[PDB]
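Colleague: Kindly generate the corresponding structure for this input.
(chains A, B, C, D, E, F and G)
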Amino acid sequence: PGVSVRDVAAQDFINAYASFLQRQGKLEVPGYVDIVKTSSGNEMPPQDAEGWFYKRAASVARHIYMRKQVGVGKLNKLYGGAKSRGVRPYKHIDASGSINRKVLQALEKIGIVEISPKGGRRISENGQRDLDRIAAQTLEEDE
Amino acid sequence: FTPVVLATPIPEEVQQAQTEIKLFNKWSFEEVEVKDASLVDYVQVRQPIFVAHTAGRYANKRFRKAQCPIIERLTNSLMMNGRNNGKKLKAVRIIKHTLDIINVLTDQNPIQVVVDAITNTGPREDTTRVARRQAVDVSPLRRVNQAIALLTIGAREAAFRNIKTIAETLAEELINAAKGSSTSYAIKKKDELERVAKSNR
Amino acid sequence: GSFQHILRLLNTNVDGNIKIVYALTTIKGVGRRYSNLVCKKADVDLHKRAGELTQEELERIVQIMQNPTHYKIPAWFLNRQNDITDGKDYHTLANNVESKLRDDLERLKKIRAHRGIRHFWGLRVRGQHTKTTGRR
Amino acid sequence: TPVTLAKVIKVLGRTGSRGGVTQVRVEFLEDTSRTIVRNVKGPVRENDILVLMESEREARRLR
Amino acid sequence: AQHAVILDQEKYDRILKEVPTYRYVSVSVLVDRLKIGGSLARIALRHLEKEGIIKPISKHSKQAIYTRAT
Amino acid sequence: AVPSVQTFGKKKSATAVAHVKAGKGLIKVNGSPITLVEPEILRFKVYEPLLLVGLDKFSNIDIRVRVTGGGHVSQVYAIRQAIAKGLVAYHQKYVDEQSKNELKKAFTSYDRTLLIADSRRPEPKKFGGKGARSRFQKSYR
RNA sequence: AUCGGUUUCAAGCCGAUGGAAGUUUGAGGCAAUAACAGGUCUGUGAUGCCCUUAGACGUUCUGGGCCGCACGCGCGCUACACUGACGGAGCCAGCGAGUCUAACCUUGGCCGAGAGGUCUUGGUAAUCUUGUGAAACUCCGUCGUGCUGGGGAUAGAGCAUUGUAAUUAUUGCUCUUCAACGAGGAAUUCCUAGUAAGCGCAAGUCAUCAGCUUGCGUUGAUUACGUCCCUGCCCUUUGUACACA
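Modeller: Numbers count the residues shown, from 1 in each chain, chains lettered A, B, ... in the order given. Shown next is the structure:
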């Protein structure tokens, strides 16, 4: 009866919030989608390419929720993985900026994320409402 | 059996583990016995456990790894060919799979069949380089050590450049070792070490 | 059904087997990234196995491959950009790859540029240490 | 297929170029009072059973 | 092609007779019957699970195991 | 004026601070139920302190675990230990030493890190090697 | 430590129990006498002697070379894949270091597919970078035994950053080109537990450049718990026509 974003599983939540944010045509797509691989250090673009974006959007929503306030730099260095530098040892090069910035702007316009003091971005009260509503449905859909 | 409630709702399959019995969450150590003497007090099937992963201080003194659960000893010996060195989470996930595989075909409770594979793939007389060869008998700890080291090496070598995944290969090898086949880099590889023995035995 | 095998496409044989995004790249001058972007602009289905693409959408695949800039390829997805001849960005996708490779080496050797000379000698041109490497 | 199981009663140093082989004294579980000397390869404690494919032949040090 | 791995709507009919009476079913078995190769083996397993001739015991990604219907 | 004891459990640079209080059954880790720990096989390593004694002993308490440091496996072993040490410290202080004894020899019978941390620590790296032991390759000729 | 063994019941050693800890508790630092014609005069306003002392063998400037390639050798890195690659999501360390009359570590918001730019900001630092939300790893899905999407070398063109200066391509980034390599002969190296191994991270040089080193954690085995067989060690005995042995 007090189901929140934390009480539900990670993937099984993001996949249902992905469905919801795709049913709603509210969240934007920057237009350069289909031509990006969400990194400097990757091989190929996101395999789905049917607006993944609705999975980034969902995960940046869920991440900014659990944290205090997240900036684009924290999202870049979060989502960025190991770059194969050819014959040289693997490194950490952080993920692509524009995707994480334009998804934060898309959440800001929808009313999930709020530009927060101390810099970065917090959740809106409408944000917590929509996240917790989906989080309750996800569990009771199985139950 | 006594479905209790908490402020954190626990699933009933997890709640059927509390002092009921300690399994994987399905494989029981009640036991279909080792059945072959000499290796009893050298295969641990007496202390039941939930996963094939302890922190483990078993390479401490000398004989402490004889009192380690034999499922962990497979899980440990599956991490060789050192692109998989460490990575016990992958190894235990492979072990989970291969056990429920050797359940779905030829069920027999997939711990006693693993135990019986250890009892059959154990080289029971070998030689030593004294360019001569002198046939000697084998310590039951080394009979386990090499029974594991033949099963898990045979498995990876079969699964290498193949579609049959390490889970299915290791599974097939453990089954054909249990029911003496000589078709699993198995009793065949053991007979090859007892053939060079009978030359000098 | 009408499932084809060989699939000839602009002077190459791109076997209509397992996948299309990875079949197109056997053309000398397109790669995994470019093939993917052209398939997306062609609006083909990617789960199909490169043989069940009817000739009309195969023509459209070849259209957007040949003249990419018209169909929203952003002009940093191309081989020759600010080309030395005119200054127009285009993609050398056919046998043009080796044609324009040879043309550039021949341009360098004609000028008698250092990189052109090292290209002529068969030496390594990216100031690499070839004392201990490039034996055979 | 007669294999004879025999428990060890005492271990006697190590034979071989290296300490690869351990000379041990066994008592046959079947028809006991028969004590025989035997070679092993792997690590041997006491009370451990060895499986002989020949009960007959005795054991010598590996010079 | 590559050792009988071709897309077909008749080997659907071959599958739906040959797959039952298997004590064990996975991607590895499907391909080692010189059938459908990998990508097609997995979507065969998924449709056989929807149809209900298959019982899934475990459904881990990279190693999906299945059994004949009781 | 409430039964409350703050305990910790640790495994190789993984500090798991548990707060076992008089409650109903709220067992939670980083403000999420125990049923959602990152490694889904080590779900039964974090859980085993509950399955050892029984959920009936947890029908009158609430536990909140805050995990910091280490990796995924270090943190699971830290939680497991922190919960068991939390529960025995509560029973010692607020029930009796009789039921403390009971569930101590219940916990240590099934083998333990669980109550006291594995002493093991990483050895420092020395020159002319890639670790504490492994020396660089030697070049005679 | 206690108890039991065990050696003339002496120093000790072995087993169990308790304990955070029972190998000198783990790892280092310090580390004798004698010796080498070991290395360094290119670390030293450390220095004898010898050579030059201005058409300089001093140190300054421009450019060039230390990188040059029939070939051989030594430390490495990447790999030959399905215990895998790729895409998404999941998502956790430890030891550092960091600018005032200078340009450091740089949040945060915007521009950008990048790399990287802009306008501010906290930190002379358990206050800020920074939880350095590192990678391997986990889960769901896309590849299905093919030099294949394993591998990423060579090359072509473009966009940036550092720098008086990037050509002999500094580095980074985008697209294209795709080589050898199907686990390696005779040989040889290192390793006994949080060790090997996998994984990345921080520091040194650093304007820029790490496939190096110095450290640190992440994941974490197998196999000995031994013996002189090889290669050497220490003590005693013994033979010697050796003593730069």
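
Colleague: got a list of what residue A:7 touches?
Modeller: Counting by CB atoms under 8 Å, 6 or more residues apart in numbering or on different chains, residue A:7 touches A:135, A:139, F:32-33. C-beta here means a position set from N, CA and C on the backbone, and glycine is covered the same way.

Colleague: taking those one by one, which sit in helices?
Modeller: Counting by DSSP state H, the part of those found in helices is A:135, A:139.

Colleague: how about the contacts of residue A:7 in TSV, adding distance to residue B:26 and neighbour count?
Modeller: Shown next, in TSV, are the contacts of residue A:7 (distance: CB to CB, whole Å; neighbours: other CB atoms under 10 Å in any protein chain shown):
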residue	distance to residue B:26	neighbour count
A:135	31	20
A:139	25	16
F:32	26	19
F:33	23	19
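
Colleague: What is the nearest of the contacts of residue A:7 to residue B:2?
Modeller: residue F:33 (20.9 Å; CB to CB).

Colleague: Now name the helix or strand holding residue E:59.
Modeller: Secondary structure from DSSP states H and E places residue E:59 in strand E:54-60.

Colleague: Now the helix or strand that comes right after that strand: buried residues?
Modeller: Counting by DSSP H and E, the next helix or strand C-terminal to strand E:54-60 is strand E:63-68. By 16 or more other CB atoms under 10 Å in any protein chain shown, the buried positions in strand E:63-68 come out as E:63-67.

Colleague: which helices and strands does strand E:63-68 pack with?
Modeller: Packing partners of strand E:63-68 (3 or more CB pairs under 8 Å, 6 or more residues apart in numbering or on different chains; DSSP states H and E): helix B:88-104, helix E:39-51, strand E:54-60.

Colleague: 6 Å - rerun?
Modeller: Packing partners of strand E:63-68 (3 or more CB pairs under 6 Å, 6 or more residues apart in numbering or on different chains; DSSP states H and E): helix B:88-104, strand E:54-60.

Colleague: Turn those into a markdown table, columns for mean neighbour count and distance to chain F.
Modeller: Shown next, in a markdown table, are the helices and strands packed on strand E:63-68 (neighbours: other CB atoms under 10 Å in any protein chain shown; distance: least, CB to the nearest CB, whole Å):
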| stretch | mean neighbour count | distance to chain F |
| --- | --- | --- |
| helix B:88-104 | 22 | 6 |
| strand E:54-60 | 15 | 10 |
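
Colleague: Between these, which one is closest to residue C:13.
Modeller: That would be, of those and by CB to CB, strand E:54-60, which comes in at 39.1 Å.

Colleague: which residues in the chain form helices?
Modeller: Went with chain A since none was named. A:10-23, A:56-66, A:72-79, A:97-110, A:125-142.

Colleague: was after chain C, sorry
Modeller: Using DSSP H, the helices found in chain C span residues C:32-42, C:55-66, C:96-111, C:114-121.

Colleague: which of the residues in the third one are buried?
Modeller: By that I understand helix C:96-111. C:96, C:100, C:108.

Colleague: Let me see the contact set for the last one.
Modeller: For residue C:108, the contacting residues are C:115-116, by CB atoms under 6 Å, 6 or more residues apart in numbering or on different chains.

Colleague: and if we set it to 10 Å?
Modeller: Counting by CB atoms under 10 Å, 6 or more residues apart in numbering or on different chains, residue C:108 makes contact with C:114-120, C:125.

Colleague: quick one on the thing from earlier: do you know which of the helices and strands packed on strand E:63-68 lies nearest chain A?
Modeller: When these are compared by CB to the nearest CB, strand E:54-60 sits nearest chain A, at 14.0 Å.

Colleague: packing partners for the closest one?
Modeller: Applying 3 or more CB pairs under 10 Å, 6 or more residues apart in numbering or on different chains; DSSP states H and E, one finds that strand E:54-60 makes contact with helix B:88-104, helix E:39-51, strand E:63-68.

Colleague: picking up where we left off before, for the helices of chain A, which one sits closest to residue B:55?
Modeller: The closest of these to residue B:55 is helix A:10-23. By CB to CB, the value is 26.1 Å.

Colleague: What is the burial count for the residue in chain E that RNA strand G sits nearest to?
Modeller: Closest to RNA strand G within chain E is residue E:38: 2.4 Å, counting by CB to the nearest atom of the strand. By the criterion of other CB atoms under 10 Å in any protein chain shown, residue E:38 has 13 neighbours.

Colleague: so what's it up against?
Modeller: Contacts for residue E:38 were tallied using CB under 10 Å, 6+ apart; they are B:163, C:18, E:5, E:27-28, E:30-31.

Colleague: Could you give the backbone dihedrals for it?
Modeller: Note on residue E:38: its backbone torsions stand at phi 80, psi -90 [degrees, to the nearest 10].

Colleague: State the distance from it to residue C:49.
Modeller: Residue E:38 sits 12 Å away from residue C:49, going by CB to CB, to the nearest Å.

Colleague: hey, what's in contact with both of the two?
Modeller: Jointly contacting residue E:38 and residue C:49 under the rule CB under 10 Å, 6+ apart are C:18, E:5.

Colleague: Identify the residue nearest whichever residue of chain A sits closest to chain C in space, chain neighbours excluded?
Modeller: Residue of chain A nearest chain C, by CB to the nearest CB: residue A:34 (4.7 Å). Once flanking residues are discounted, residue A:34 sits nearest to residue C:40: 4.7 Å by CB to CB, 6 or more residues apart in numbering or on different chains.

Colleague: swap in residue C:120?
Modeller: Residue C:120 sits nearest to residue C:109 (CB to CB, 6+ apart), 5.4 Å away.

Colleague: I'd say the one you found and residue C:125 touch.
Modeller: No - using CB atoms under 10 Å, residue C:109 is not in contact with residue C:125, being 11.9 Å away.

Colleague: Show me the common contact partners of the two, please.
Modeller: With CB under 10 Å, 6+ apart, residue C:109 and residue C:125 have common neighbours C:115-117, C:119.

Colleague: If you rank those by neighbours, which is first?
Modeller: residue C:116 (18 neighbours).

Colleague: gap between that residue and residue C:109?
Modeller: Remark: distance between residue C:116 and residue C:109 (CB to CB) = 4 Å.

Colleague: do residue A:22 as well
Modeller: Separation of residue A:22 from residue C:109 (CB to CB): 56 Å.

Colleague: Please apply the same query to residue B:77.
Modeller: For residue B:77, the distance to residue C:109 (CB to CB) stands at 60 Å.

Colleague: How about residue E:62?
Modeller: Counting by CB to CB, the separation of residue E:62 from residue C:109 is 52 Å.

Colleague: circling back: which of the helices of chain A is buried the deepest?
Modeller: Ranked by mean neighbour count under mean count of other CB atoms under 10 Å in any protein chain shown, the helices of chain A are led by helix A:56-66, which reaches a mean of 22.

Colleague: Stretch E:56-70 near RNA strand G at all?
Modeller: Yes - judged by CB under 7 Å from any atom of the strand, stretch E:56-70 comes into contact with RNA strand G at E:59-64.

Colleague: Cool, thanks, signing off.
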